[PDB]
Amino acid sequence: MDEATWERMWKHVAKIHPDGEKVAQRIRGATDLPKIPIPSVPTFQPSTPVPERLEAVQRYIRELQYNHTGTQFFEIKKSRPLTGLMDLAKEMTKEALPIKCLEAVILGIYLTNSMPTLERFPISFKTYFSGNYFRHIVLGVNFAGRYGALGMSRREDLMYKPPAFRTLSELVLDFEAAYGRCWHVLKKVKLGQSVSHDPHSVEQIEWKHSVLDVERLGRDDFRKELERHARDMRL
């Protein structure tokens, strides 16, 4: 980044951390900082089953680490065509900096475009806790009829799910259960359509093909809606 952005990040750190300034003092200009190895982009043999590929993609995403600095290094315009977002995913791979939830979805798509038998689609959650609303997003995946997820989260059970769930409902309620364990109520689930595997595609991601109000719907109406959406992803 430039110098303005760079000095923005450190002044923003100066505010939010208790001893904001001494932290910059110790780190900026430091000669003995830990060299961080640049993560290797995962490449797959054709004999490797797709589930093992997904574990390798998720390991790479984790390897970048969650972005706690309070300054996001890769702006994501959700309306950009896919070929624009894939250029940006390529640059995350080359810059190799920490990331958050939205950036991991773009990375997950970039790294799974080589798997045409794997369906990818965004799943975003709106949860409530202690007077505040919270938004999170992962990349839903379907392989051989079973559902899973790639993502980046601050909690271990709000990102990676191996593709073992037999229906989309089970995948989403697993996420709801995980939210409930940390006292978040699931308010709304937004599911997008399958993302094209063409990294040069001029099409947008359809982030909001289905919006489900989990309380105004009710349990059984929530599940039938997720199954119609799964069916609609088999075009």
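A residue's number is simply how far along the shown sequence it sits, counting from 1. Heads up, when I say rigid core I mean the largest set of C-alphas that superpose within 1.5 Å between the two forms.
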| property | result |
| --- | --- |
| Farther-lying stretch by C-alpha RMS in 5 other deposited structures of this protein, rigid core as reference, of 195-203 and 24-32 | 24-32 |
| Stretch farther from the shown model on average in 5 other deposited structures of this protein, with CA RMS computed after core superposition (212-220, 10-18) | 10-18 |
| Residue range whose averaged C-alpha B-factor is higher in the record, 104-112 or 77-85 | 77-85 |
| Stretch with the higher entry mean CA B-factor, where the candidates are 193-201 and 206-214 | 206-214 |
| Candidate set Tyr147, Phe121, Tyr133, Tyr160 [ranked by C-alpha B-factor, highest] | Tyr133 |
| Third of the chain, ranked by Cα B-factor, where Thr93 sits | lowest |
| Where the record places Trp183 (Cα B-factor, split into thirds across the chain) | highest |
| Ranked against its chain, the third holding the CA B-factor of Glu170 | highest |
| B-factor third for the C-alpha atom of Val13 within its chain | middle |
